[PDB]
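A.B. asks: Residue numbers (PDB author numbering), protein chains in the order written: chain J2, 559 to 608; chain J3, 521 to 558.
Every residue, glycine too, gets a C-beta built ideally from N, C-alpha and C.
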Amino acid sequence: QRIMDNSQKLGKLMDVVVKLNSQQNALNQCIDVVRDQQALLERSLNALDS
Amino acid sequence: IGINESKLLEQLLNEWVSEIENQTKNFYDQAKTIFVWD
Numbered sequence: 559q560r561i562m563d564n565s566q567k568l569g570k571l572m573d574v575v576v577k578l579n580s581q582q583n584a585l586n587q588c589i590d591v592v593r594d595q596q597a598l599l600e601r602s603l604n605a606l607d608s
Numbered sequence: 521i522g523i524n525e526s527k528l529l530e531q532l533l534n535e536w537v538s539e540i541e542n543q544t545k546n547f548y549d550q551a552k553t554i555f556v557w558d
C-alpha cells in the first residue's frame, strides 16, 4: 500500500512537471517580448532623432 | 509601429477588427459632417 501511495504521489507530481515546462515556454515568450520591443523602440528613436 | 514578435495572431486580429470598426464609425460620421458642409 505505502509503495503504491508513494508511486501515485510521484506520478501526480510528474504530471505537474509537464506544467512547469509550460511556465518555462510562457517565460521564454516574455523574454522575447521585452527584447524585441526594446530593439524596436531603440530603432524608432533612431528613426526620429535622424 | 512594427508588430510585436511575441503577440498571438488571435490578439492581433481582434485588436485590428476593433480598430477597423472604430475607423468605420469615424469614416461615416466625418463623411456625414462633410455632407452637411456641402
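What would DSSP say about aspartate 563 (chain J2), mapped onto helix, strand or coil?
C.D. replies: For the purposes of this step, residue 563 (chain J2) is taken as the residue at position 5 of the first sequence. Note: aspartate 563 (chain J2) maps to helix in three-state DSSP.
A.B. asks: Using a threshold of 8 Å, state whether the C-beta atoms of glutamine 596 (chain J2) and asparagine 524 (chain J3) are closer than that.
C.D. replies: As a working note, residue 596 (chain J2) is residue 38 in the first sequence. As a working note, residue 524 (chain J3) is residue 4 in the second sequence. Contact: no.
A.B. asks: Taking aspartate 590 (chain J2) as the reference, give the member of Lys527 (chain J3), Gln550 (chain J3), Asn542 (chain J3) with the closest Cα.
C.D. replies: The residue given as residue 590 (chain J2) occupies position 32 in the first sequence. Ranking the options by Cα distance to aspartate 590 (chain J2), first place goes to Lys527 (chain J3).
A.B. asks: Of all Cβ atoms in chain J2, is any one closer than 8 Å to the Cβ of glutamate 535 (chain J3)?
C.D. replies: If you number the second sequence from 1, residue 535 (chain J3) lands on position 15. Cβ-Cβ to chain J2 under 8 Å: no for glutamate 535 (chain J3).
A.B. asks: Are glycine 522 (chain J3) and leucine 606 (chain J2) closer than 8 Å when you measure CB to CB?
C.D. replies: By 1-based counting over the second sequence, the position of residue 522 (chain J3) is 2. By 1-based counting over the first sequence, the position of residue 606 (chain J2) is 48. No, they are not a contact pair.
A.B. asks: Mind listing which residues of the region 567-589 of chain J2 have their C-beta closer than 7 Å to chain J3's C-betas, in chain order?
C.D. replies: Going along the region 567-589 of chain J2 in chain order, one finds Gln587 with a Cβ nearer than 7 Å to chain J3.
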